[PDB]
Structures are given as C-alpha cells and as structure tokens.
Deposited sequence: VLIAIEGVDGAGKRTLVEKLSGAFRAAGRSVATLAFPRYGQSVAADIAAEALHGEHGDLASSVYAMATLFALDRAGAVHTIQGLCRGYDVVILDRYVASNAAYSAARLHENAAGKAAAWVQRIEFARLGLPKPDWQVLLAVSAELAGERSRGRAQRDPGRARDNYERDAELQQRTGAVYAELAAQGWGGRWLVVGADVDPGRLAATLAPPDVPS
C-alpha cells in the first residue's frame, strides 16, 4: 500500500509519518518513507525553494512555474517510488501529488473542481506517470490567509476523493487505528 500524508506547513506531517511507521511495523509490516520536495537532491526542488526566497527573478510569480518545478522533482523519483512499492508492504510519502493541487488552486483562488487541480493530474499522474496513491491522509490541524485557504482546498480534495481515496485526521489521531484502516 502507497500512502501520501498531506497538509500545511507546521501542520506536523512528519510526526504523523513517524507515528504511522511505528504502528505499521507494530502490525508486522515493512515500511519505507520518503519526503518531498527533495531539497539537496533535486535541482528543481532547489530552484523552487530558491525562487520563493526572492532568487530567480520573476519565477515565483507564476503558479504553474512552481508547480511545474515541484512536479518535475517528484517525477525524478518515480523509479524509486515504484521501486519501494515492489520491496515494502507500505510506502509512506510525506507530501505528494496533491500538494501541487492544493497550493496552486489556493494561489489561483480556484477550487478542487477547477483547472489547476485537473492540470496537476494530467501532468503528474498521466503524462509524467507517477503512481496514484492508494490512500491520501490529510492532517488538518488548527502568508496566513493563503495557508488557511490552502488548508481548505486540501480538504476540498479530500471531500471530492481527488486522485483517489482519502481520510482526514487531526493532531491526536490514534496511530494503531489509522494504520489498521489504511492497511489490507
């Protein structure tokens, strides 16, 4: 089983990744995890991070520019992901394709049924061949307007079943229970 943990920064996705890892392994499962963007390895991921800190002239001013950058990062790891799914019972991804839909829709003031979110699917899953996750787990916990709104879009994706089955959880979800829901 392949699982994206999704949510906003500061939301504490990494902690939930570690939590589920323990639980899955407690349940007798081999787990691999991997996190995006892959700063330090993907030149794309790096140029995106940099473009957001002022560098690279007018790059960050284009929503589809950034999304294309974060997409190309993930696409670069497509063979590793595919390869972890052949070697482990579970592969947990901290941020994945639905990150691009939430952050783009939010910046473009669009909703889950809109163009950005549709575009992310064509590019990342269809065109670039990234595998659809079996589950996407939104960690939804209490630029701030944009961060609120991106939070809200994520949740629109959960509600629409965008990309596949989802689950929405908060800060104190029991890991054993969530693990047993997410597993066969």
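Peer 1: Walk along the deposited sequence from position 1 and note every stretch that has no C-alpha coordinates.
Peer 2: Since the structure holds only modelled residues, the stretches it omits are 143 to 167, 210 to 214.
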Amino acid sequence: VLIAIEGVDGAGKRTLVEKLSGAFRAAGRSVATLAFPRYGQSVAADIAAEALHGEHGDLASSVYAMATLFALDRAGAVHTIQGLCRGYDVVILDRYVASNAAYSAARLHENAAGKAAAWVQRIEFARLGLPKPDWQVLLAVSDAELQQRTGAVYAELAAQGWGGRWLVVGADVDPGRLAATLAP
From here on, numbers count along this sequence of modelled residues.
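Peer 1: Going by the mean C-alpha B-factor recorded in the entry, which is higher: 156 to 164 or 20 to 28?
Peer 2: Looking at the recorded C-alpha B-factors, 20 to 28 comes out higher on average.
Peer 1: Averaging only over Cα atoms, indicate whether 104 to 112 or 77 to 85 has the higher B-factor in the PDB entry.
Peer 2: Going by the record's values, the stretch with the higher mean is 77 to 85.
Peer 1: Highest Cα B-factor in the PDB entry belongs to which of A35, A144, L69, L139?
Peer 2: Among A35, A144, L69, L139, the highest C-alpha B-factor in the entry belongs to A144.
Peer 1: Please place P133 in the lowest, middle or highest third of its chain according to the CA B-factor in the PDB entry.
Peer 2: For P133, the deposited C-alpha B-factor lands in the lowest third.
Peer 1: In terms of the chain's CA B-factor thirds, is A117 lowest, middle or highest?
Peer 2: According to the entry, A117 has a C-alpha B-factor in the chain's lowest third.
Peer 1: Quick check on the deposited entry: does the C-alpha B-factor of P175 sit in the lowest, middle or highest third of its chain?
Peer 2: Ranked within chain, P175 CA B lands in the middle tercile.
Peer 1: Mind checking which third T150 falls in for C-alpha B-factor across the chain?
Peer 2: Within its chain, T150 is a lowest-third residue by C-alpha B-factor, going by the deposited values.
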